[PDB]
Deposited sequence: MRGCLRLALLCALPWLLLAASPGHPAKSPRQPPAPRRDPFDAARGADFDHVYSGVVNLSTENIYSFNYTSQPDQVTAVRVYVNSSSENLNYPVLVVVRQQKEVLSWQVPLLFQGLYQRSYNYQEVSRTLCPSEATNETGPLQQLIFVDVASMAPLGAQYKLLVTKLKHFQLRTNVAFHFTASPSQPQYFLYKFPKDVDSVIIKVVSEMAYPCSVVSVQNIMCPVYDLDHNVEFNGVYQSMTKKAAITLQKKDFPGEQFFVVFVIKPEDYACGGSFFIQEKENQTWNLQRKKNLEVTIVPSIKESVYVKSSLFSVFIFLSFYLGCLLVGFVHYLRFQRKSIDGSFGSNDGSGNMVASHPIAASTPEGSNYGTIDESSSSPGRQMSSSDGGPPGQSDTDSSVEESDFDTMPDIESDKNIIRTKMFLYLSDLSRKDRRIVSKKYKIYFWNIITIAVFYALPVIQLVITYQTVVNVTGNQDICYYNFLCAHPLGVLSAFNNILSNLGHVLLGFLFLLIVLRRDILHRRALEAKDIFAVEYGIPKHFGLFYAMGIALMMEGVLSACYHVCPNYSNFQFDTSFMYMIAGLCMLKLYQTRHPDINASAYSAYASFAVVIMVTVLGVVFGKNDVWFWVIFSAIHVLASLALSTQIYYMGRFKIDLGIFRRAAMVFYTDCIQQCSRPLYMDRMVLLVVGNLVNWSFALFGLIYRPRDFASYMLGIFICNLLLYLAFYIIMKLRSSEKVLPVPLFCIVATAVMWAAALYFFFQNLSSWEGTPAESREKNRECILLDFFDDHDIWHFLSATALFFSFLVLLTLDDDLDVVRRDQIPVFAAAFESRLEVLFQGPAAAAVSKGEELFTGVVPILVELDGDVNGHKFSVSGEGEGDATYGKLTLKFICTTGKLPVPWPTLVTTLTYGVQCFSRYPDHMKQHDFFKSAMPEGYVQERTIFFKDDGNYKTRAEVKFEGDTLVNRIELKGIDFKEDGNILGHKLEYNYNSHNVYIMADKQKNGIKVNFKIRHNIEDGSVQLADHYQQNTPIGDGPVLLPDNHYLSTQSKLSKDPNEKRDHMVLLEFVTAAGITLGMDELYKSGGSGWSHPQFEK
């Protein structure tokens, strides 16, 4: 019992308590290509107490739905849609089997005393297979989910899928499943299997060839009914216009050609320092700091790899905050362009403990043999702080090379934490004890207290008075021309504190921008303009070094001020600010800061070291 209907035609009729509508669609497959049937069903109006029930029977599948669809959300609201569409599964073919005959049965029924109205349209899909470097243009809906198929090529072993929306809204979920057919297109079971990502404007998924049996996969797009998870708020139709692009990945030569550059650019400094040095006349407090440094590192190297294993096991790519367009994977690590750029700290913090140790050896030898108290400058024994300076670079580099494996909220902002100490020591600038030893750990304690309290009684307005008092206390000791300069510096610090209180950009995230002014104040106390009535204190090598650290600090602020990701306000809003890669397709735009910060801090420390000349001969 059937009617023998034909494909691509609009059918209408009346259903009742006894009348049932039967349709039978017969089609022949091919020994190649993929076909995909699609059923669209529309209801006229009303029907909120006696809906229409449609069942579709295949050889190895039965599907069923009611036409007046009713969703449900938070805060006791009810949405109702009146249009249903579905994409039936394919059957596939082989080269050893001929053409296949297939039958689809569609039954429509209702349970109403008077009747209902329905419209049926069953059509084949012409464009079902995505190709390499070809962009599509479809349109989704919260009651019309979509899926497509992709086949791996013979040479490509990895693919990046890029999905781009247009306006802002509504949110969606994208999934990557393997080639079977208990296919999951409903919203409540879309997260059961496969890599899935929430997206509101952008999405990027990285896939490999060795993890898929048969080298074919399904990309599934589903639209969220209520945009609550993405951070926003909130009947007739929603609609969405997406765009999907598949691109290949880089080869293996780039992984060598970039690491060779990033390990052959920091030996020219060694060669230069050697050349400059060997041309002359044509020729236990530290011990009690390692035990504290090995206390504040082991929770990081017990939490980070655990989080990485959790992300690499459960499937959810919503726990870490990477840059999803420039995250190259290697091995267990999923970001191998933010762990090889931190190799500058632990290699440029080793030229201090080859020069200042030689200077210590030479000065102690000169004290042992010659009379070092003749024509000297104010107790020449001055070291012991350079050894606690040139090891904080390594203890900042090792601590920075463990945060970029999973940026999250538990790890907080523990990357620019010891840099506050490295820029706020300001002890060796008081050259030529009681209030310094106590304030050494107290400075880092106050910095950590401010960092913790920045997130949580008018913190912005309360900090201006404390900053002004601290600036006045510092300028009282540092400092009439000197009094006028101290007053101008205190006024500038108060104006900067008032401007920061007026701004209040990103609360705890703005702690870096608020302590950059403190670092500038600490690094603007260069007294090189003392030559009004004093000695010369100027030489070509410190003049070149102060020119270099004046020039090379301007460039290192631009890449700081370009924001790429964000650790606040949902994990689906980081993807909007994502950017691509420059400089040989390996380095990011928040990865040329770890190359300039180290080589500016090293030159500033060298300026601090090599200064106070033209007095050893007096």
| property | result |
| --- | --- |
| Deposited-sequence segments unaccounted for in the coordinates | 1 to 41, 276 to 285, 335 to 442, 592 to 597, 622 to 625, 649 to 680, 820 to 1097 |
